[PDB]
Ligand SMILES: CCCCCCCCCCCCCCCCCC(=O)OC[C@H](COP(=O)(O)OCCN)OC(=O)CCCCCCCCCCCCCCCCC
Ligand SMILES: CC(C)CCC[C@@H](C)[C@H]1CC[C@H]2[C@@H]3CC=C4C[C@@H](OC(=O)CCC(=O)O)CC[C@]4(C)[C@H]3CC[C@]12C
Ligand SMILES: CC(C)CCC[C@@H](C)[C@H]1CC[C@H]2[C@@H]3CC=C4C[C@@H](OC(=O)CCC(=O)O)CC[C@]4(C)[C@H]3CC[C@]12C
Ligand SMILES: CC(C)CCC[C@@H](C)[C@H]1CC[C@H]2[C@@H]3CC=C4C[C@@H](O)CC[C@]4(C)[C@H]3CC[C@]12C
Ligand SMILES: CC(C)CCC[C@@H](C)[C@H]1CC[C@H]2[C@@H]3CC=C4C[C@@H](O)CC[C@]4(C)[C@H]3CC[C@]12C
Ligand SMILES: CC(C)CCC[C@@H](C)[C@H]1CC[C@H]2[C@@H]3CC=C4C[C@@H](O)CC[C@]4(C)[C@H]3CC[C@]12C
Ligand SMILES: CC(C)CCC[C@@H](C)[C@H]1CC[C@H]2[C@@H]3CC=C4C[C@@H](O)CC[C@]4(C)[C@H]3CC[C@]12C
Ligand SMILES: CC(C)CCC[C@@H](C)[C@H]1CC[C@H]2[C@@H]3CC=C4C[C@@H](O)CC[C@]4(C)[C@H]3CC[C@]12C
Ligand SMILES: *[C@@H]1O[C@H](CO)[C@@H](O)[C@H](O)[C@H]1NC(C)=O
Ligand SMILES: [Ca+2]
């Protein structure tokens, strides 16, 4: 999964912790 | 003709249903790939279309030569079949490029099987019967959305396009948030600039550029899905001073009020439908069969006792020995000893299966492994013994033993399965904990709990049909989404888990959208897939329909079921009491009728024992309305030092000073700095706390020198200790914080000080006590699911920081991370996901967060990717496990929450009267009579001169053409007002401004003309004309400020633009049904202010506690506690609490403050944030919601008589129409009016009340004559005191017609029911 501060997509649900807000985990 | 009779034999229909099912399976087997790729299996399946089309054409061809046409085509289902087959034929023969909209019709093929099963058609008709009253509500909802969108068009239009750009190199915004150019907005950080044009936050989709975008974003904001993101964008684009004032009402009016209205209308519809003859006749049958079984049980007990006596006397003096053993066995399983032993065994089994956690000792694993076999054997032996004793048929007679037998066989299957293949566990041996429900038998709440299950089981057909009809519509929408966005979500880095490629993925996506979680994100992604915000917005219509008609369809399926079954249960329970007591008394009548030789003392025994059970006559308003509806339906069918302290406490002007001291202390709590502890303000508050607690201890000693008192003691002593430890060094800072937090109990002292607030608190407590039992059942079921999830998922929620490593021993060292286009070395560390199922408590927390719907797709992904006990995730390893979550969603958030709501609705006790003895003959009769009692005959105040000028203006203004023209002006003004957009041409803006000018001038013209038409004080008498005057002067002020020089840099004056947006309420008059509903609900809301005060006090207490405990968390971004959502201030804490109450990321906020947070720089502490949040957030979501659910019902019941109208004898609402009609004739009061007007007046009003047709006029001709009439006085006398009285007195509860002689008794009864009205009616009664 993606780490803290990494660029993400909300609909991937691939942030290790937290949600994908404003395009960043 | 001849073909019809010889082909409609049932196997033909069954063969057609099989074809439809096969076609559905083929449509489910399809697969979609991007960029024109195709699987070979799709090519194979495409060949099957001609067969299905030919079969459907044949089936629709045989019906045309057996029913004709434009009668075969009379049925709508036949029309749908015909259009489906026609589109199929066209698609087969259509080689042209235009087939996308023609191939989409195939998604209606599953609906064909609804037309083939008439039971499904009946169920669909029943479910859609409740959506007709809701349509008006929807209209109101639309009126809300537009009304806010226009406002959002006037304040936030073109505000999200500025962004921080580096120095104009290639237009790459450093951040995804709007910024402001040197303003109270979010300033750019570093060396970037707030440049012009940036698409927007969510691909430029959520904005207020024109009316369509505004409507879409407002609708997306009233579903409480991502509204906080838009709030934060507006905050950082224009300052957070006033944005809340736009969004809190929009949530309050658009979400809470709308849901309350929908909830009330649906409950009223259910109540009205429950008392139809076809449903009452089935309920009577269900009750009669239960009553027969209850008697038969005791009679077989009689028979068995006799049989064993016979056998004993025969044997006392082979088959005999085994028969005696069987009788002894059949008696050792019906004793309390066996009951308690088996219950203790079940409890021990539950305790041992509930200790399973991750990384438990091996000894515990082996002990539980052996105990599983021991318990299975014990239960097997108990089942066999009971079956041998009672007998097979008698054993399976009870519905509870069938469940036990099924659980036993499933447990045996699980044991053998796990023995032949060690590994995963199905989780069936935990279901034995449901047998623990037999603890309710020894209670007094068995009948209620057991009648609900008897009601449920009686409706397996309806529930299955309803549950299969919900699945049928979820499968139709999944196929439609597969046709629309199938294989088109690869326009980014990776395809999302929420896609429409396969059928399982599409149906899971549709289910997730139905649960409402992250549906707006899927809408944005699908719009981008269809292409940009320019040409892709039409696809958004797919998600609106799925959201609307999925949000209220579920609420129509699951609430109705509950509102039915629970209600049935209640009735049954109540009946089972009345059918008993009314019989028991009869026995006491026979026990005295049998004895005449001795003075019977049993006659008085029933008299003294009859009033002990008649004290619990609760009879909630639902039951009273049901009884009245039954009466109406049957009637319609028939017609066809101690002294000194005592003086101090008893002083009348003493509670007020204590109350104001409490309030001042509460405000002192509110105004505090959690982070800047070393502040002069905090020192002042410390001083005030000294004086405040000093006065609290001063009012305690003297109050005790002569339950709630304990509370006061703890809040006084708690502060005392804090003061004792304050005059020294930092001794026990933990206790210091605890005692400071304990200070939040100051407002609670008011609960007993205000009688109304205590009353509403007691109402909340009674509501909780009315549902504690269902609460216990819910907790047991959730514990069972938690244990199942622990068995399924424990240990499998671990991961490595790089996805290449799947084991802990490999997750060590450094790894190359490819982020921000710069490879960097990162530590390789083995971590665990935030929400897991390691033990039963963690599973319960995770399942609670899932039940709230927040972040449940994330845990679904983590559960699907789970592989093994100590391995890392593998994507899509176990998709079938999603069944679990789906089942969970069907049970707790859909079924149990709805039965909670229904149980609170049907058991809501009357609080306004608190007694059943006022007149015992009037529920709405008195309400409708008081309407004519209070209001005097208001007139229009026609001119008294009518010379040349004032009469001309009066006639012109009151002319119906004038009001037509003014309503047209309202419509054109609101069309022009929503016609503005972003970056419009200058001449376009000038034209809009000129239209506003001319419209405002016209409205000022009407406002000044009504003055000379009516008068100065006569115009402002009405509360609406003053509103028109205020809004037109506001429009004039705004237009003068816009045209003439504007306020340069002083206090802002941009709110006046709202005034011209207030004219929409001016067209709300024409909604005669909408206006009365809105007024009724608002008036009910204004009648219950103390429950709102209780909710506000809950918010205040929780905000203060959160401010004290979590106030000094670091404001670091990228977490859930940041510059937008924090506990820093009282207002920020309240906003955070509101965000959690609606529910946005409350679990994320909970995780963001737990005991290991980097702490604020200015804060004096080094470790701030506690694990109290686990309680803090979980209780709040419990409390707030409950209070809200108590508020909503408290309004709904207040209007229940309106929500269950069944308008045939409508009297409360027709008085206003009668007044409107009568105001045309009467100039003023005048005392009395002439004779001729009333004869026409009887026809001027609505005919339904007084004469439906020409024939009922005879009854009217009977009302004016044949009885004493005020004709005894002057000939010209009013009859409004004698006509509408007569109609409302004879329409219902009519008794003076059969006799016509005992008028004085009825008059005396009426007068004594209105004894204190200051004797104003005496003249009206004549
Ligand atoms: C179904 C019924 C629906 C109707 C009822 C509910 C409606 C409630 C919401 C009404 C709107 C409230 C305000 C919404 C916008 C908030 C203001 C905002 O975001 O902008 C700040 C504004 C100017 O911002 P900016 O452009 O930065 O200033 C110039 C830059 N140098 O700064 C300002 O000066 C803005 C001032 C805002 C208003 C001040 C207080 C008004 C009080 C309102 C009372 C209730 C409303 C009654 C009327 C309802 C609508 C007709
Ligand atoms: C159905 C009724 C009988 C409820 C009974 C409560 C127990 C089933 C619950 C509550 C206390 C829970 C225990 C309290 C907390 C924990 C976490 C955990 O304890 C540990 O210290 C090990 C964790 C680690 O070191 O990683 C093991 C499960 C255990 C004791 C729980 C197992 C399940 C328990 C025993
Ligand atoms: C109101 C109720 C009755 C409607 C609930 C809808 C369910 C019937 C749907 C929605 C979720 C669907 C589930 C969504 C995803 C999956 C996994 C899927 O299994 C697979 O075959 C995937 C394997 C693969 O292809 O890799 C189909 C079953 C299941 C749980 C589906 C079964 C049908 C479910 C349970
Ligand atoms: C509705 C009532 C009972 C709620 C309590 C009133 C709240 C809204 C009032 C009471 C006292 C007020 C505080 C008084 C003084 C200050 C200091 C100032 O530099 C920032 C605002 C702040 C911190 C105020 C915020 C709002 C406040 C906390
Ligand atoms: C009895 C209750 C309502 C008292 C609440 C009154 C509030 C509004 C009063 C009480 C004490 C006051 C503070 C006392 C001292 C200071 C320090 C000064 O450098 C700035 C103002 C400031 C921060 C005051 C702001 C207003 C204040 C917080
Ligand atoms: C109706 C309720 C109260 C009791 C029945 C619910 C429980 C016992 C049932 C409902 C649906 C079931 C799931 C259905 C399918 C699967 C997939 C399988 O590969 C593992 C087990 C698993 C995940 C089941 C576990 C048990 C389960 C969750
Ligand atoms: C009720 C209807 C018939 C009248 C009210 C709707 C009017 C105000 C709506 C309907 C369609 C809308 C237009 C739809 C498309 C565009 C193109 C865009 O680039 C600028 C805005 C603009 C020009 C909109 C302006 C507002 C608009 C004209
Ligand atoms: C009314 C009851 C149930 C309130 C809930 C009490 C429990 C759940 C709360 C009360 C105070 C809390 C403690 C407050 C502070 C800390 C310090 C932190 O570094 C670790 C957690 C720890 C130790 C918390 C654990 C949870 C805790 C003990
Ligand atoms: C870089 O930014 C500064 C100020 O932000 C501006 O004056 C300068 O012109 C920019 N550089 C270029 C090449 O335009
Ligand atoms: Ca959500």
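Chain A is numbered as in Swiss-Prot; shown residues: 46-70, in order.
If you're wondering, the header gives electron microscopy, 3.0 Å.
A Cβ is built for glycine as well, from the same backbone N, Cα and C atoms used for every other residue.
What Swiss-Prot says about this protein:
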type: DISULFID; residues: A:46-A:61; note: disulfide bond
type: SITE; residues: A:49; note: site 'Binds Cav2.2/CACNA1B calcium channel'
type: DISULFID; residues: A:53-A:65; note: disulfide bond
type: SITE; residues: A:55; note: site 'Binds Cav2.2/CACNA1B calcium channel'
type: SITE; residues: A:58; note: site 'Binds Cav2.2/CACNA1B calcium channel'
type: DISULFID; residues: A:60-A:70; note: disulfide bond
type: SITE; residues: A:62; note: site 'Binds Cav2.2/CACNA1B calcium channel'
type: SITE; residues: A:64; note: site 'Binds Cav2.2/CACNA1B calcium channel'
type: SITE; residues: A:66; note: site 'Binds Cav2.2/CACNA1B calcium channel'
type: MOD_RES; residues: A:70; note: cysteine amide
Using a Cβ cut-off under 8 Å and a sequence separation of 6 or more, which residues in the same chain sit near residue A:64 (site 'Binds Cav2.2/CACNA1B calcium channel')?
A:55, A:70
Of the recorded positions A:46, A:49, A:66, which one sits closest to residue A:60 (disulfide bond) when you measure Cα to Cα?
A:46
What does DSSP call residue A:60 (disulfide bond) in the simple three-state scheme?
strand
Run through A:61, A:62, A:66 for me and report the recorded positions whose CA is within 10 Å of the CA of residue A:53 (disulfide bond), in sequence order.
A:66
Least surrounded among the disulfide-bonded residues, given as A:61, A:70, when other CB atoms within 10 Å are counted:
A:61
Residue A:58 (site 'Binds Cav2.2/CACNA1B calcium channel') and residue A:46 (disulfide bond), distance between Cα atoms, whole Å:
9
Write out the long-range same-chain contacts of residue A:49 (site 'Binds Cav2.2/CACNA1B calcium channel'), meaning residues 6 or more apart in sequence whose Cβ is under 8 Å from its Cβ.
A:61, A:62, A:63, A:70
Sites among the recorded positions A:53, A:61, A:62, A:65 close to chain B [C-beta, under 8 Å]:
A:61, A:62
Give the three-state DSSP assignment (helix, strand or coil) for residue A:65 (disulfide bond).
coil
How many other Cβ atoms are found within 10 Å of the Cβ atom of residue A:66 (site 'Binds Cav2.2/CACNA1B calcium channel'), counting all protein chains shown?
20
Provide, as an integer number of angstrom, the distance between the C-alpha atoms of residue A:66 (site 'Binds Cav2.2/CACNA1B calcium channel') and residue A:58 (site 'Binds Cav2.2/CACNA1B calcium channel').
11
On the three-state reduction of DSSP, what should I expect for residue A:49 (site 'Binds Cav2.2/CACNA1B calcium channel')?
coil
Secondary structure of residue A:70 (disulfide bond) (DSSP, helix/strand/coil):
coil
Could you give the Cα-Cα distance between residue A:58 (site 'Binds Cav2.2/CACNA1B calcium channel') and residue A:65 (disulfide bond), in whole Å?
7
Quick one: which of the recorded sites (A:55, A:64, A:66) have their CB closer than 6 Å to ligand 1?
none
